[PDB]
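Trainee: Could you have a look at this structure, given as structure tokens, before my questions?
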There are 4 protein chains.
Amino acid sequence: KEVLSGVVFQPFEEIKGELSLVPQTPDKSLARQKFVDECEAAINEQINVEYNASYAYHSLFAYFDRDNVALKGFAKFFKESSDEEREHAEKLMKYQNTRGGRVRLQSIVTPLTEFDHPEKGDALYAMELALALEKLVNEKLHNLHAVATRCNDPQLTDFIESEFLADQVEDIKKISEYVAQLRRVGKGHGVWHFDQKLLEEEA
Amino acid sequence: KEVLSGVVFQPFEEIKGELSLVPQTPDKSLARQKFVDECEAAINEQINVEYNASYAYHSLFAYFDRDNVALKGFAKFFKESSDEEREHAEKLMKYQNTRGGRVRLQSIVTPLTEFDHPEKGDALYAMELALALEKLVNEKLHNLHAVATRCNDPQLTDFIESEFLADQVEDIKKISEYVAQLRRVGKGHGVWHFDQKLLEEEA
Amino acid sequence: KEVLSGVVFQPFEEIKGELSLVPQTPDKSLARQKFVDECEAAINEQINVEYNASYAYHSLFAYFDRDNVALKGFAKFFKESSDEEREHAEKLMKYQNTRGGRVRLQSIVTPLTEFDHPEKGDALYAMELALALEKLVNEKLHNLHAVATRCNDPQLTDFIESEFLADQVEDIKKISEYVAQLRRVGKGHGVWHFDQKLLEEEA
Amino acid sequence: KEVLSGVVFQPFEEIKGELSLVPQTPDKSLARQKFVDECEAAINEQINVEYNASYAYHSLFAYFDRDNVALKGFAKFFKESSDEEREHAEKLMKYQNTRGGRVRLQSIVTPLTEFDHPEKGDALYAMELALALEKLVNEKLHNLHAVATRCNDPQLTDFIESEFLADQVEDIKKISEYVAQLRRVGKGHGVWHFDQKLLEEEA
Ligand SMILES: [Fe+3]
Ligand SMILES: [Fe+3]
Ligand SMILES: [Fe+3]
Ligand SMILES: [Fe+3]
Ligand SMILES: [Fe+3]
Ligand SMILES: [Fe+3]
Ligand SMILES: [Fe+3]
Ligand SMILES: [Fe+3]
Ligand SMILES: [Fe+3]
Ligand SMILES: [Fe+3]
Ligand SMILES: [Fe+3]
Ligand SMILES: [Fe+3]
Ligand SMILES: [Fe+3]
Ligand SMILES: [Fe+3]
Ligand SMILES: [Fe+3]
Ligand SMILES: [Fe+3]
Ligand SMILES: [Fe+3]
Ligand SMILES: [Fe+3]
Ligand SMILES: [Fe+3]
Ligand SMILES: [Fe+3]
Ligand SMILES: [Fe+3]
Ligand SMILES: [Fe+3]
Ligand SMILES: [Fe+3]
Ligand SMILES: [Fe+3]
Ligand SMILES: [Fe+3]
Ligand SMILES: [Fe+3]
Ligand SMILES: [Fe+3]
Ligand SMILES: [Fe+3]
Ligand SMILES: [Fe+3]
Ligand SMILES: [Fe+3]
Ligand SMILES: [Fe+3]
Ligand SMILES: [Fe+3]
Ligand SMILES: [Fe+3]
Ligand SMILES: [Fe+3]
Ligand SMILES: [Fe+3]
Ligand SMILES: [Fe+3]
Ligand SMILES: [Fe+3]
Ligand SMILES: [Fe+3]
Ligand SMILES: [Fe+3]
Ligand SMILES: [Fe+3]
Ligand SMILES: [Fe+3]
Ligand SMILES: [Fe+3]
Ligand SMILES: [Fe+3]
Ligand SMILES: [Fe+3]
Ligand SMILES: [Fe+3]
Ligand SMILES: [Fe+3]
Ligand SMILES: [Fe+3]
Ligand SMILES: [Fe+3]
Ligand SMILES: [Fe+3]
Ligand SMILES: [Fe+3]
Ligand SMILES: [Fe+3]
Ligand SMILES: [Fe+3]
Ligand SMILES: [Fe+3]
Ligand SMILES: [Fe+3]
Ligand SMILES: [Fe+3]
Ligand SMILES: [Fe+3]
């Protein structure tokens with residue numbers, strides 16, 4: 001035996017006490033190890049957060065794709081963001097199953113559909129909405145991370161940091177920069193031009 | 001003038017009576033022409049049908065992706081079907097905007113999450129569920145088509161026939177054939193083998 | 001014999017009663033079958049509609065190609081639209097002969113030549129004119145389709161739906177989006193910039 | 001000076017107090033910095049854990065490579081797992097030397113050699129054994145991580161998370177899925193078929 005900063009290390013002897021950690025009933029995960037209910041439930045929450053964000057971005061896409069709005073760069077940007085939030089949800093679903101939890105998909109609420117806001121202009125308002133949405137997803141990611149830290153699940157904390165937190169802060173800066181640019185160019189010709197550059201970036 | 005089977009043809013003279021059909025208020029679609037509220041609402045219904053079907057297939061994927069179920073071909077099949085139903089929804093959203101209607105995304109209900117059914121076996125039960133889901137989407141597509149026929153919207157009927165109905169009957173035969181094969185191979189080794197062939201088809 | 005929803009199916013026996021349906025006089029179409037006078041006349045109307053639309057677009061091209069107007073993207077756009085409307089006319093002429101009708105080209109009226117409209121600006125006014133023209137062609141296409149439905153000519157209805165109606169609604173959305181963009185960018189630098197993007201799209 | 005959440009930041013001035021942190025005796029590591037004895041000892045434990053796991057997998061390989069067992073896919077799977085556990089040990093040895101600790105290789109115990117288990121069947125029993133072994137290695141990795149957290153060694157925690165924990169949970173799901181599949185296919189033809197698919201995966 002070895003005790004290292006209070007942590008007991010039992011030496012390697014045999015694989016048999018762990019054979020009891022091989023479940024013998026077919027409805028139970030065999031992979032699950034040190035993956036507690038709180039972390040399972042917090043992953044399920046973040047799946048519903050990302051999916052709802054995907055749906056919200058699809059609603060934004062549907063508005064700017066209107067012929068009388070005609071901001072194709074915005075529409076494509078919001079469509080791709082919807083695809084991305086859904087990929088996040090899917091990656092979290094795969095992770096849940098990798099750790100042996102159960103994915104529990106919840107309801108998705110009606111999102112906002114109209115983004116007609118003449119004072120700021122539709123484009124600036126919607127990009128600010130997108131920024132707020134990303135910050136909301138980031139808050140939930142931080143909640144998820146706090147659960148994982150409290151449960152001493154270091155594989156989960158690293159998963160969240162490496163797979164989601166870094167992309168999240170990069171998405172927020174990018175959209176923040178879009179808001180700043182839209183404020184600088186102003187409504188009308190400036191917005192249209194920004195939209196054309198968005199369309200070119202989106203290839 | 002020419003009246004042909006009761007249909008009045010006025011000869012081509014000038015483009016001015018149609019300039020009044022160019023809306024001058026910015027919140028109204030300029031494209032909209034002979035696209036009535038019933039067709040707009042029926043497209044919105046089919047968008048919600050396809051999206052709910054996408055969500056249901058994602059829930060199916062999440063179950064078969066479990067380590068204790070371990071039917072990777074099924075999981076991938078259901079994941080791809082979820083992607084496909086979402087693409088259908090998106091194509092219908094694009095169409096709505098092409099015709100000048102408004103996309104109205106509605107709520108998505110909690111789907112079924114557990115497909116543990118020992119008598120039929122999980123694989124056969126889920127493939128039968130998928131078949132029932134496709135038939136449900138086909139019924140809604142037929143409702144949508146009946147609205148378009150009643151409203152004399154021939155571009156919409158052709159759109160529905162060419163873009164969705166043909167794929168729909170092809171999907172149903174494919175999944176029907178999967179059900180038939182799963183019944184023939186039986187539970188256990190047969191199901192696993194069918195799953196391996198599904199995985200190979202899915203590249 | 002078989003009667004199916006009221007439709008009499010006589011079984012296949014021989015090809016001789018149809019030899020009388022092989023005309024023996026050289027001025028008559030041998031191909032013509034279930035292609036009635038109303039459909040022949042409605043196709044001839046749509047040929048004259050598309051040709052007049054071609055001529056109108058050529059007049060628009062001739063205005064924006066002026067050195068003091070100098071909107072080359074618009075000029076090229078209207079030139080290509082003129083080519084396209086003429087191709088539609090030609091495709092309808094080919095179809096008329098495929099079905100065994102007679103093409104009857106009618107007169108083309110003097111179109112509008114001056115599009116100097118300072119309040120909206122030449123570019124916005126002309127794009128709205130183009131939108132109205134496309135909607136006028138779409139109305140005639142719907143008249144043509146209604147004749148074909150009433151005459152129970154399903155090959156013709158499908159021809160109209162597949163070859164013209166889908167392109168027509170796509171052209172209308174595209175031009176509607178152009179109108180919306182021109183309103184957003186405003187006269188002067190915005191219009192010129194929109195024109196430059198039109199020129200780039202037109203390769 | 002700057003104190004930030006209690007953490008003292010002394011400003012950059014010169015490199016001389018750290019020249020005393022350059023050891024002048026040849027038997028001492030010059031690299032070692034903030035790498036305490038508990039972390040050094042915990043790395044040495046995990047090296048012995050991975051090596052023992054390598055040896056156990058080699059014993060498994062040696063059994064299934066027998067002509068009367070003849071499960072070549074299993075034999076190759078266990079051989080490659082043995083190579084992988086040894087690579088883990090080696091990577092941990094390299095890390096120990098990177099941080100300036102001393103690698104201390106310990107004894108390796110006789111592993112189990114016979115895996116003749118007729119009730120479950122040799123293949124299912126051995127795959128469950130492998131699962132238990134991976135879970136045992138994961139427990140030790142968690143012990144190692146807890147030592148590093150307690151000693152505030154963030155480079156070590158990240159090393160463990162990025163290099164080992166993620167692969168570990170992926171290995172466990174993969175082997176869990178193998179157990180589930182072996183249970184589904186059953187002994188005899190099913191096991192042989194699973195073995196053939198294992199052999200194909202292993203290229
Ligand atoms: Fe546990
Ligand atoms: Fe637990
Ligand atoms: Fe795309
Ligand atoms: Fe993914
Ligand atoms: Fe659970
Ligand atoms: Fe559940
Ligand atoms: Fe509105
Ligand atoms: Fe935290
Ligand atoms: Fe990282
Ligand atoms: Fe990183
Ligand atoms: Fe950018
Ligand atoms: Fe400007
Ligand atoms: Fe540009
Ligand atoms: Fe930019
Ligand atoms: Fe109308
Ligand atoms: Fe209407
Ligand atoms: Fe894929
Ligand atoms: Fe699409
Ligand atoms: Fe509406
Ligand atoms: Fe609305
Ligand atoms: Fe269950
Ligand atoms: Fe119908
Ligand atoms: Fe078709
Ligand atoms: Fe077809
Ligand atoms: Fe197939
Ligand atoms: Fe069998
Ligand atoms: Fe196979
Ligand atoms: Fe097959
Ligand atoms: Fe006839
Ligand atoms: Fe006739
Ligand atoms: Fe040219
Ligand atoms: Fe042609
Ligand atoms: Fe004639
Ligand atoms: Fe003149
Ligand atoms: Fe003039
Ligand atoms: Fe009709
Ligand atoms: Fe068609
Ligand atoms: Fe079509
Ligand atoms: Fe365009
Ligand atoms: Fe300007
Ligand atoms: Fe430009
Ligand atoms: Fe453009
Ligand atoms: Fe130190
Ligand atoms: Fe020390
Ligand atoms: Fe090898
Ligand atoms: Fe190495
Ligand atoms: Fe030492
Ligand atoms: Fe022996
Ligand atoms: Fe033995
Ligand atoms: Fe820890
Ligand atoms: Fe990492
Ligand atoms: Fe990582
Ligand atoms: Fe695998
Ligand atoms: Fe068998
Ligand atoms: Fe095989
Ligand atoms: Fe396999």
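We label chains A, B, ... in the order they appear in the structure tokens, count residues from 1 in each chain, and number ligands from 1 in the order shown.
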Residues of chain A were defined as contacting chain B if any atom lay at most 6 Å from it, counting only C-alpha atoms; please report them as an MDAnalysis selection string.

Mentor: chainID A and resid 29 66 68 97 106:110

Trainee: Show me which residues line ligand 41, defined as having an atom within 10 Å of a ligand atom where only C-alpha atoms and all ligand atoms count, and present them as a ChimeraX atom specification.

Mentor: /A:193,196-197 /C:192-200

Trainee: Could you tell me, counting only C-alpha atoms and all ligand atoms, which protein and nucleic acid residues lie no more than 9 Å from ligand 30, written as a compact mmCIF listing (two decimals) with C-alpha atoms, in the first residue's frame?

Mentor:
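Produced file part.txt, reproduced below:
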# COMPACT_ATOMS: atom_id res chain seq x y z
CA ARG C 32 -50.95 14.25 -82.10
CA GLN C 33 -52.83 12.20 -79.51
CA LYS C 34 -55.11 13.50 -76.73
CA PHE C 35 -53.87 17.03 -77.35
CA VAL C 36 -56.93 19.20 -77.80
CA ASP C 37 -57.37 22.60 -79.45

Trainee: Taking only C-alpha atoms and all ligand atoms into account, report as a list in words which residues have an atom no farther than 10 Å from an atom of ligand 32.

Mentor: residues 86, 87, 88, 89, 90, 91, 92, 93, 94 and 95 of chain C

Trainee: The selected residues should be written to file as a short mmCIF file (atom, residue, chain, number, x, y, z; two decimals), in the first residue's frame (atoms: N, CA and C atoms).

Mentor:
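See again-v3.cif below for the written result:
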data_model
loop_
_atom_site.label_atom_id
_atom_site.label_comp_id
_atom_site.auth_asym_id
_atom_site.auth_seq_id
_atom_site.Cartn_x
_atom_site.Cartn_y
_atom_site.Cartn_z
N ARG C 86 -36.74 34.11 -73.93
CA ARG C 86 -36.77 33.58 -75.28
C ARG C 86 -36.56 32.07 -75.29
N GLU C 87 -35.64 31.57 -74.46
CA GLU C 87 -35.49 30.12 -74.34
C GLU C 87 -36.78 29.45 -73.87
N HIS C 88 -37.50 30.09 -72.94
CA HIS C 88 -38.79 29.54 -72.53
C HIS C 88 -39.73 29.45 -73.72
N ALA C 89 -39.83 30.54 -74.49
CA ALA C 89 -40.67 30.53 -75.68
C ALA C 89 -40.28 29.40 -76.61
N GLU C 90 -38.99 29.27 -76.88
CA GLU C 90 -38.52 28.19 -77.74
C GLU C 90 -38.85 26.81 -77.19
N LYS C 91 -38.66 26.60 -75.89
CA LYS C 91 -39.00 25.31 -75.32
C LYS C 91 -40.49 25.01 -75.48
N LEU C 92 -41.33 26.04 -75.32
CA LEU C 92 -42.75 25.84 -75.55
C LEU C 92 -43.04 25.58 -77.02
N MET C 93 -42.28 26.20 -77.93
CA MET C 93 -42.49 25.90 -79.34
C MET C 93 -42.12 24.45 -79.64
N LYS C 94 -40.99 23.98 -79.10
CA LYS C 94 -40.61 22.59 -79.28
C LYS C 94 -41.68 21.65 -78.73
N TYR C 95 -42.23 21.99 -77.56
CA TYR C 95 -43.24 21.15 -76.94
C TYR C 95 -44.49 21.07 -77.80
#

Trainee: Could you name the residues that touch residue D:80 at 9 Å or less, counting only C-alpha atoms, but leaving out those on the same chain fewer than 4 positions away, as a list in words?

Mentor: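 Neighbouring residues, sequence-local ones excluded: residues 57, 58, 61, 75, 76, 84, 85 and 202 of chain D.
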
Trainee: Quick one: residues within 8 Å of ligand 51, with only C-alpha atoms and all ligand atoms, as a PyMOL selection string?

Mentor: (chain A and resi 158-159+161-162) or (chain D and resi 158-159+161-162)

Trainee: Write out as a ChimeraX atom specification the set of residues from stretch 4-154 of chain D that DSSP, computed on the backbone, places in alpha helix (DSSP H).

Mentor: /D:37-64,72-98,122-150,154
